[PDB]
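For reference, the structure discussed in these notes is given below.
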Amino acid sequence: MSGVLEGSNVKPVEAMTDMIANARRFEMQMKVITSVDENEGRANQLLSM
Amino acid sequence: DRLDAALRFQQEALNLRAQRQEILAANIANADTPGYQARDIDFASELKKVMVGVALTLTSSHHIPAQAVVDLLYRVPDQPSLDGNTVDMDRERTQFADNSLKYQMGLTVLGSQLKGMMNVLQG
């Protein structure tokens with residue numbers, strides 16, 4: 001068809017849901033990292049005889 | 001010498017504990033090396049082997065006397081890492097603490113035997 005230009009197909013609902021899910025997943029992984037680090041910090045005293 | 005035969009077992013146990021302590025600390029130090037395998041020794045078998053040589057003959061004074069000069073087993077990995085490192089923190093930390101305790105116990109036993117041999121002689 002002549003006289004019409006096609007735009008993008010970026011769905012905003014999908015983008016918003018993806019951002020929410022990404023933020024929540026990032027926070028969960030940061031919490032896991034903190035837990036593991038604290039556990040190793042507590043565990044690295046056994047070596048004291 | 002008969003004195004060596006009495007103290008041979010504890011000296012060999014103490015030396016083996018020191019060697020295994022060095023091996024465990026090497027495992028701890030190389031925890032972050034990718035592709036490093038965690039190595040260890042079987043204490044009992046090596047203690048048997050050490051507990052179970054020919055000084056060359058010196059004909060005169062100028063003749064020079066003879067000049068003197070363990071097997072490592074791989075640890076079974078528990079968790080598969082991506083960089084190929086099989087060193088586990090918890091297992092080797094417990095083994096390190098246990099080896100330290102046993103080294104202290106061997107020192108105590110050897111010192112007690114030497115002190116008894118001494119108070120037999122003192123007088």
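Each chain in the structure tokens gets a letter, A, B and so on, in the order shown; residues start at 1 in every chain, and ligands are counted from 1 in the order they appear.
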Query raised in the report: Residues at most 8 Å from segment 51-61 of chain B, counting only C-alpha atoms, excluding those fewer than 6 positions away in the same chain, as a PyMOL selection string?
Result: chain B and resi 8-9+12
Same residues, C-alpha atoms, saved as a CSV table (one decimal), in the first residue's frame:
```csv
chain,number,residue,atom,x,y,z
B,8,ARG,CA,59.5,-43.8,65.5
B,9,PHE,CA,55.7,-44.1,65.4
B,12,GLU,CA,56.2,-40.3,61.7
```
Query raised in the report: If we count only C-alpha atoms, which residues of chain B reach to within 12 Å of chain A? Please list them as JSON, numbers by chain.
Result: {"B": [21, 24, 25, 28, 88, 89, 90, 91, 92, 93, 94, 95, 96, 97, 98, 99, 100, 101, 102, 103, 104]}
When DSSP works through the backbone of this structure, what residues of chain B end up as strand (DSSP E), shown as a PDB file with N, CA, C and O atoms, in the first residue's frame?
```
ATOM      1  N   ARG B  39      43.591 -32.013  46.257  1.00  0.00           N
ATOM      2  CA  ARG B  39      44.374 -33.211  46.512  1.00  0.00           C
ATOM      3  C   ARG B  39      44.485 -33.459  48.008  1.00  0.00           C
ATOM      4  O   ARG B  39      44.423 -32.530  48.818  1.00  0.00           O
ATOM      5  N   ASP B  40      44.648 -34.730  48.369  1.00  0.00           N
ATOM      6  CA  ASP B  40      44.768 -35.124  49.763  1.00  0.00           C
ATOM      7  C   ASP B  40      45.473 -36.472  49.823  1.00  0.00           C
ATOM      8  O   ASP B  40      45.639 -37.155  48.809  1.00  0.00           O
ATOM      9  N   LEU B  73      46.089 -38.306  46.601  1.00  0.00           N
ATOM     10  CA  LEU B  73      44.830 -38.792  46.062  1.00  0.00           C
ATOM     11  C   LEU B  73      43.861 -37.635  45.862  1.00  0.00           C
ATOM     12  O   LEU B  73      43.724 -36.756  46.716  1.00  0.00           O
ATOM     13  N   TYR B  74      43.191 -37.642  44.716  1.00  0.00           N
ATOM     14  CA  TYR B  74      42.229 -36.599  44.395  1.00  0.00           C
ATOM     15  C   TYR B  74      40.998 -36.718  45.282  1.00  0.00           C
ATOM     16  O   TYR B  74      40.528 -37.817  45.590  1.00  0.00           O
TER      17      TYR B  74
END
```
Report task. Could you give me the residues within chain A that DSSP places in helix (DSSP H, G or I), as a PyMOL selection string? Result -> chain A and resi 12-43
Report task. Name the residues in contact with residue 34 of chain B at a cut-off of 10 Å, using only C-alpha atoms, excluding same-chain residues fewer than 4 positions from it; report them as a ChimeraX atom specification. Result -> /B:30,81-86
Let's have the selection written as a PDB file, in the first residue's frame, with C-alpha atoms.
```pdb
ATOM      1  CA  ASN B  30      44.262 -22.388  45.595  1.00  0.00           C
ATOM      2  CA  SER B  81      31.510 -25.631  39.616  1.00  0.00           C
ATOM      3  CA  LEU B  82      31.801 -23.989  36.184  1.00  0.00           C
ATOM      4  CA  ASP B  83      35.529 -23.134  36.348  1.00  0.00           C
ATOM      5  CA  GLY B  84      36.579 -26.711  37.133  1.00  0.00           C
ATOM      6  CA  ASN B  85      37.558 -25.985  40.747  1.00  0.00           C
ATOM      7  CA  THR B  86      36.577 -28.887  43.010  1.00  0.00           C
TER       8      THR B  86
END
```
